[PDB]
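Chains as they are written, first to last, in full-length UniProt numbering: chain A, 1 to 183, 209 to 226, 241 to 636, 656 to 670, 686 to 701, 708 to 754; chain B, 1 to 125; chain C, 202 to 715.
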Ligand SMILES: [Mg+2]
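Written out as C-alpha cells, the structure is:
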C-alpha cells in the first residue's frame, strides 16, 4: 500500500482539510527572488504594460518618464497601465454618493492625526534606504543619520517634535542647491534629488518619501474603516464575519429564478500597472473643499512616486574558467560596460532598460513597489465593487463582494447564465479602465456557497479554523521572569487573534515549557535530569512544603492551561507559595532586580539582567604574535614575561646579538614602569 | 624585537592600557564567547548561548556579602569579574535559586495591593 | 493656522506628475474640484473592444487532464542526512540522565561495534576525488583513537587540516576577487551562468522513503512536558484530541527524522559559532526511550565542519557527512548521485531467520548549510504542531455541520477508516492513526525537501483542487485561463523528487475524484 495524503479529499471536502495544502506554516529558508536581474525585470515589465503612453524628459531629474494614463484603451487581455482619469474620478464620485460624508469626515479625523503625529513614529518600520551613506539600514538609524544632515544644513524645524515639521524640512531640502553632511561630504542638487526619490532592493524607499506615505495610508485607513467591503485593516475573527455578511446579503434577496456565482478573485501584476498620477487624482478628489495645507502634504507622496528611480542593488558576478578569477561589476557602470561579457538572456534585459538608466539608477515613473499604498489601492478596488449596485449597473445583473489590496472576492447575481457572464465582463472591463487586471490564471468561478478571500476558505457558512503562520513558541531571550509571561501571552493571543485551535495551543504550551526549562536549566525538582541547577532546585524542592507554589524557573510544576494563559505565573501560584519562599522570591532587597518601581510580569529575583570595539581586537591580535601563559596573570605581564624568556633563550643558542638582547630588556622595563 | 616595541605603543594609549593591565589570560575566552552570540542576533539563541557560560547574570556587589561564594556541594555562585558601566559583578543562575531557598524574608502583605491591576484577573476566575 | 506649501523643485515635480493635457497642479486641482460625473465609464465601456472580455470556459468532469511530469534521468537524494537507509550504533545510558557530552556518547557507541573491515570504495562519486573520501573516514577512526593518547581528554575533537579534508570542505577553491579595472580584458570571462536545471524523472525511492516515514518504530521519539490539570469543557476535549494524536505519533519514524533534524542542526550551529576556523568532528546523535523504556543514545555517523566565519544568515558552512547504512548503493545508484559510498565492515543481524551477516556501508558526500537552514532544521518540532492542527481543524470543521464535537467518534470508532493510499487492487483506507502519521510525514518531508518548486506547486495546485471540489459539489464551476493554470503548476515540476511525487499524488487523486 503506497501512502498518498491527497486521497483524503475523496472523503473530506478540500475546504475542511485546506490546512494540509499549506506546506510550511512559517517562513522557509531561502525566500529567493531579489537579485539585480529580478529588479530589471520589474522595471522592464512596468514599462511594457504602460508602453503606448507619453514619454517626457523630467526637468529636475533629467530622466525618461512614461505616462500611460488617459492613454489608448487595450484591444488585448494583456495587463494595461492605461487608466482613465474621467473613469477613476467617476468611481470615486459614486463612492462618496453611496457613502455620503465618507471623505469629508475621514479628512477631519486625519487632520487631527497629521498634527498630533510625532517624528518618533518614523523609527518604527522595516529596512530603509539611508541616502546619507547610500546604503540600506534599520529605520531608526536611517532617521538619526537624516536629521544629522538636516541639523548640519539650516533645517532645524524637525527638532520641534511633530512629523509635519520634519516634512517641512524635507521640502526645503529639495530647493537647496548644496547638501552637506559631516560623516565633509558634498552632493549637488541633481545627485541629491535622485537619492531622495530612490527605491533600493522587492525594494525599500528613502526616509524623505516615507514620511508622506504614512499620512496618505492614514487617510486611506479612515476610508477603509468606513467601508463594509474593505477587508483592511480589521482583526482576525472580525473578518470571518465579513465573508458571512456578503453571502447572506446576496442569498436572502435572491428568489427561485435569480442565479448567484462567487468568483475567487486575484488581480495580476497589481503594483506594476496602477500609476502614481492616478493616486494623486484620488487624493485631490477626496480633499476637495479642504484646507490647502492638508491637500498638499497628502499630494506629496504620489508626486515623488511618479518621479522615482529604482537602484539595481549591487550588480553582477563574473568568473574566468582557466585564469581562476571572479569580479563584481556594480550597477553605476552597468550602462557604460560591454555586453559580450553577459549571456543571451541577460544582454536583452540590459539593452531594454539602458534608455531608462540615469546615474546608475533606472527611471520608473509608472507602477509601484509592493505593499506601499495597500489601503488606498483597496479604496480604488472597492469603488469598482460599489459600481455593482442595481442602480449603477442599470441592468438585470448586479454584484457585490470584498477587496483588500490585490486579493478580492466578487458575487454576481442575474436572472440567467448569460446575465452572470455579462455582469462578470462588466466588472472585468470597468476594472481595466482604472488599471486593475484580474488574473485569468489565478482566478476561478463557482455557484455561491464556497470561495476563498485572503486564505479564508468559506464552505456553506463555515470558514476552516487553523493559524497559517505560527510564531516561534520557543524562549524570547529576556530572562526567566519575562520569557514565561511572553511565551504564555504569545499562545493566548494566537488563540483569540490568529484562530489557533486549543489542542494545538496545549502542545504549543508543552513545546514552550520544554524549551523554557532546557534554556534556563530549571527542570522540575522531582525529575532526575542533571544540570548545574539540578542540585540547587532539588534542595529547594525538598525544603518546600507546597511545591505547586514553586515557579517553573524554581523547578516547580507547569500549572498553565488554556484558561490560565492570561494570568501572570506569580499571581497564578500566589496562594500555593510557602510564606518563606514568597518572602525571598519577592524580597526587593535582592541583588538581581534593578528599578523595582506588551507582557504582564511581577518583579521577582527571576527579573534579572544578563551581560550586555577596535581597541579589544588590537590587544587580542598582538597576543597571537606572542602565542601562535598563566590563567591568573593579566595580558601585559604574560606578554612581558614571554619576551624576556625568548630574549634569554635566543641569547644562549645565538639568534640575536648582545645589542638586540639589551634592547628587548630595556623596552621590557619601560612597559613595567607604565603598569 | 617588533612585537615588544608594539606593546610599548599600546601602553602609551591609556584606553588600550586599561584593557591590558585589567583583563587576565583566563578572562579573554569569556570576552570572546558572548560576541559569537551577538553575530547570531536571534535573542532566543543569545540567551541559550549565555546560559551555557558559568556566570551570565549581573548583580550588585552587595550579593558577595549576602550569599556565599560556594554552596553545600561546592558550586561557585558568583565571581569578582569586571562588568561594563559600574561595580556590578557576574553571577550564576544557581545564586537566584540559592536566594529563593536561603535568602532573607520580607513581609509580602502589600503585594496583592501593589499588583492589584494583575491580581484582579484571578478574582474573575 | 497650519500652512504647508509646495514651491521650487517640488512644484516642478508636482506639475510633471499629472495626467497628459495638464501642465499645472493648480489647473488640475481646479478640474477635480469642479468635477461632476457624466457617464464617463458607461461611455468608455462602449468605446472599448469586445475582444477585452472574461468569457467563462465551463469546468466539466472531462476538461481537466493529468499533470505532465518531466522526462530525464532519475532524480537523486538531496536530504542532508540519510532517512530510511540510515543506520545507528546504540548504547543504553540509564544512570546518567540529562544533557551530557556528544563526543563521548559517539566513542561509547563506536566501541559497541567490533566488525570494522579494511575500508574499500563500493560506488564512487563520478564528479569527485574518491580516494579523499576513503582517507577522511580512516582519519576519523585514527583521530578518535588519538584522544586516548592525550594526557587530558578534550571536550570536542578538531580534525587535522589534511589534503583530503581541505579538499572535501572546499578550502582554497574560492577564487580571488580582482578589481574589474585590473582584469578588464580576460578571454574566458562570463557571468555566473544560472543554467536551466536539467530536468529529472520521478524515481521510485521517494515514495519508498515516504512509505517508511509513515511507519511506527519500537522507540518513543518525543517526550513532551506536563500541562495544567483540565477544568473547562474545552480543556477536557483539547487534551483528548492532543493525547490521542500524541499517542499515534509518539513512535512514528517521521518523529525520529524530526529529532535527527534538531540534534544535528543544533550541534552543527553550536560548532559553527564556537570553533569557527577549526575542522570540528560533529557526531550525528539521537536519543529515544525503548519499547520497555530505558534511555538509549544513537550514533548515525559523523559530520566534519569547514571554516564557519559566519557574518550573515545566508553565509555558507561546507561539511562532509559520513553516515552508516546496511542498504547496498548498487541497488538504486541513481539515488546516490551526490554520494561516494564505502564498505567499512560487517554487521550480524538477529532477524526472523535466526541471524544473518550483512555488510555495513558509509554514505559519504560533500555538502553545505547556512544559519537560516540550520535554524529551519532546529525548529522541525513545529511539524508536530502543523500535523495536530490539520487533524484538529478537520474535526472542528466536520463537527460544525452536525453542531456537536466529533473528537470522540473520529478516534474511537475503529470502523471509521480514511482513504490515504493506493495498492494494485485500488484505493485503500486506513485508521485515524495512519492519517496522523501520514499527515506528520507530509509536514516533515515538506520541511526536509523544502524548495521554491514546492511553494509554487502547493499554491497553484490548491486552485485546481478547489475547482475540482466545486465540480463534485455540483456548483457549476468555470475557469478563465485553465491552460494558463496548468502551465503555472507544471512550470514547478523540474527535478525535485518531493514536488514530483506530490504531482504524481495529484494525478493519482484526479483519476479517482471523477
Ligand atoms: Mg484570492
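Positions of the beta carbon are idealized from the N, C-alpha and C atoms, including for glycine.
Residue 648 of chain C by DSSP, collapsed to three states: which one? To locate residue 648 of chain C, count along the third chain from 1; it is residue 447. Reduced to three states, the DSSP call for residue 648 of chain C is helix.
Against chain A, with Cβ distances strictly below 8 Å, would residue 46 of chain B count as a contact? Taking the second chain and counting its residues from 1, one reaches residue 46 of chain B at position 46. Answer yes: the Cβ-Cβ gap between residue 46 of chain B and chain A drops below 8 Å somewhere.
Close Cβ partners of residue 467 of chain A (< 8 Å) along its chain, the five nearest in sequence each way excluded: In the first chain, counting from the first residue as 1, residue 467 of chain A sits at position 428. Excluding positions up to five away in sequence, the list reads 477.
Any beta-carbon of chain B closer than 8 Å to the one on residue 475 of chain C? Position 274 of the third chain holds residue 475 of chain C. It does; some Cβ of chain B falls within 8 Å.
Counting along the chain, where does the alpha helix (DSSP H) carrying residue 338 of chain C start and finish? Here the question's residue 338 of chain C lines up with position 137 in the third chain. Where residue 338 of chain C is concerned, the enclosing alpha helix (DSSP H) stretches over 331-346.
Within its chain, find whatever has a CB closer than 7 Å to the CB of residue 5 of chain A; leave out the 5 residues flanking it on each side and keep chain order. Taking the first chain and counting its residues from 1, one reaches residue 5 of chain A at position 5. These residues qualify, in order along the chain: 20.
Assuming residue 427 of chain C contacts residue 596 of chain A under a Cβ cut-off of 8 Å, what Cβ separation, rounded to an integer in Å, is found between them? As a working mapping, residue 427 of chain C is identified with position 226 in the third chain. As a working mapping, residue 596 of chain A is identified with position 557 in the first chain. Confirmed, about 6 Å.
Residue 572 of chain A and residue 43 of chain B look like a contact to me (Cβ under 8 Å); what is the Cβ gap, rounded to whole Å? Indexing the first chain from 1 puts residue 572 of chain A at position 533. Indexing the second chain from 1 puts residue 43 of chain B at position 43. Not really, about 21 Å apart at Cβ, beyond 8 Å.
With 16 as the cutoff for other CB atoms within 10 Å, does residue 592 of chain A come out buried or exposed? The sequence position of residue 592 of chain A within the first chain is 553, counting from 1. Buried: at least 16 other Cβ atoms inside 10 Å.
Considering only C-alpha positions, which residue in the set C:578, C:531, C:615 is nearest to residue 326 of chain C? The residue given as residue 326 of chain C occupies position 125 in the third chain. It is C:531 whose Cα lies nearest to the Cα of residue 326 of chain C.
Test: residue 59 of chain B CB closer than 8 Å to a CB of chain A: On the second chain, residue 59 of chain B is found 59 positions in, with the first residue counted as 1. So yes, residue 59 of chain B belongs to the interface.
In the DSSP assignment, the beta strand (DSSP E) including residue 225 of chain A goes from what residue to what residue? Here residue 225 of chain A corresponds to residue number 200 of the first chain, with the count starting at 1. Going by DSSP, residue 225 of chain A is part of the beta strand (DSSP E) stretching over 223-225.
Just tell me which of A:736, A:59, A:119 has its CA closest to the CA of residue 703 of chain A. Within chain A, the sequence of modelled residues goes 701 then 708, so residue 703 of chain A has no position in this structure.
Given residue 334 of chain A, which residues of its chain have a CB within under 6 Å of its CB, disregarding the five upstream and five downstream residues? Translated into positions along the first chain, residue 334 of chain A becomes position 295. For residue 334 of chain A, where only same-chain residues beyond five positions count, the Cβ hits under 6 Å are 326.
Per DSSP, the bridge partner or partners of residue 443 of chain A: As a working mapping, residue 443 of chain A is identified with position 404 in the first chain. In DSSP, residue 443 of chain A forms a bridge with A:446.
Is residue 270 of chain A close to ligand 1? I mean its beta-carbon at under 7 Å from any heavy atom of the ligand. By one-based count along the first chain, residue 270 of chain A stands at place 231. Not so, every heavy atom of ligand 1 lies at least 7 Å from the Cβ.
8 Å Cβ cutoff met for residue 358 of chain A and residue 391 of chain C: On the first chain, residue 358 of chain A is found 319 positions in, with the first residue counted as 1. On the third chain, residue 391 of chain C is found 190 positions in, with the first residue counted as 1. Yes, Cβ-Cβ distance for residue 358 of chain A and residue 391 of chain C is below 8 Å.
Output the boundary residues of the alpha helix (DSSP H) element that contains residue 659 of chain C. Along the third chain, one-based indexing puts residue 659 of chain C at 458. Membership of residue 659 of chain C in the alpha helix (DSSP H) is indicated by the continuous run 653-673.
Quick one: is residue 395 of chain A buried, meaning 16 or more other Cβ sit within 10 Å of its Cβ, or exposed? Indexing the first chain from 1 puts residue 395 of chain A at position 356. Buried is the call here.
In whole angstroms, give me the CA-to-CA distance for residue 328 of chain C and residue 52 of chain B. Looking up residue 328 of chain C in the third chain gives position 127. Looking up residue 52 of chain B in the second chain gives position 52. For residue 328 of chain C and residue 52 of chain B, the distance between alpha carbons rounds to 42 Å.
Proximal residues of chain A, C-beta to C-beta of residue 79 of chain B below 9 Å: If you number the second chain from 1, residue 79 of chain B lands on position 79. Chain A residues near residue 79 of chain B: none, gap ~12 Å exceeds 9 Å.
Collapsed DSSP secondary structure at residue 141 of chain A in the structure displayed: Counted from its first residue, the first chain places residue 141 of chain A at position 141. Helix, per DSSP.
In chain order, what are the residue ranges of uninterrupted beta strand (DSSP E) at least 3 long that sit wholly in the UniProt domain "Influenza RNA polymerase PB2 second" (37-104) of chain B? Complete beta strand (DSSP E) runs here, min 3: 57-59, 89-91.
Is the separation between the beta-carbon of residue 55 of chain A and that of residue 66 of chain A shorter than 8 Å? As a position in the first chain, residue 55 of chain A is number 55, starting the count at 1. As a position in the first chain, residue 66 of chain A is number 66, starting the count at 1. Between residue 55 of chain A and residue 66 of chain A, the C-beta gap is smaller than 8 Å, which places the two residues in contact.
Using the C-alpha atoms, what's the distance from residue 610 of chain A back to residue 599 of chain A? Walking along the first chain from the start, residue 599 of chain A turns up at place 560. Walking along the first chain from the start, residue 610 of chain A turns up at place 571. Each residue's Cα considered, the two are about 12 Å apart.
At least one CB of chain B closer than 8 Å to the CB of residue 511 of chain C: is that the case? Position 310 of the third chain holds residue 511 of chain C. By this cut-off, residue 511 of chain C is an interface position.
Taking just the CA atoms, how far does residue 76 of chain A sit from residue 413 of chain A? Translated into positions along the first chain, residue 413 of chain A becomes position 374. Translated into positions along the first chain, residue 76 of chain A becomes position 76. Roughly 27 Å separates the two Cα atoms.
Continuous beta strand (DSSP E) stretch holding residue 560 of chain C: start and end: Locating residue 560 of chain C in the third chain gives position 359, counting from the first residue. Unbroken beta strand (DSSP E) run through residue 560 of chain C: 557-571.
So, residue 652 of chain C versus residue 540 of chain A, is the Cβ gap smaller than 8 Å? Numbered from its first residue, the third chain carries residue 652 of chain C at position 451. Numbered from its first residue, the first chain carries residue 540 of chain A at position 501. Contact: no.
Do residue 447 of chain A and residue 488 of chain A have their C-beta atoms closer together than 8 Å? Your numbering for residue 447 of chain A matches position 408 in the first chain. Your numbering for residue 488 of chain A matches position 449 in the first chain. For residue 447 of chain A and residue 488 of chain A, no; Cβs fall outside 8 Å.
Residues bridged to residue 109 of chain A by DSSP? Counting from one through the first chain, the residue named residue 109 of chain A turns up at place 109. According to DSSP, residue 109 of chain A bridges with nothing at all.
Counting C-beta neighbours from all protein chains within 10 Å, is the total for residue 527 of chain C 16 or more, i.e. buried, or is it exposed? For this step, residue 527 of chain C is matched to residue 326 along the third chain. With fewer than 16 Cβ atoms within 10 Å of its Cβ, residue 527 of chain C is classed as exposed.
Given residue 619 of chain C, which residues of its chain have a CB within under 7 Å of its CB, disregarding the five upstream and five downstream residues? Position 418 of the third chain, counted from the first residue, corresponds to residue 619 of chain C. Contacts found: 630, 631, 633, 636.
Proximal residues of chain A, C-beta to C-beta of residue 100 of chain B below 8 Å: Position 100 of the second chain, counting from 1, holds the residue named residue 100 of chain B. Within chain A, the residues near residue 100 of chain B are 579, 593, 620, 623, 624, 663.
Any heavy atom of ligand 1 closer than 7 Å to the Cβ of residue 682 of chain C? Taking the third chain and counting its residues from 1, the one referred to as residue 682 of chain C is at position 481. No, Cβ of residue 682 of chain C sits at least 7 Å from all heavy atoms of ligand 1.
By the DSSP assignment, the alpha helix (DSSP H) with residue 745 of chain A in it spans what residues? What you label residue 745 of chain A is simply residue 666 of the first chain in a count that begins at 1. First-last of the alpha helix (DSSP H) with residue 745 of chain A: 737-749.
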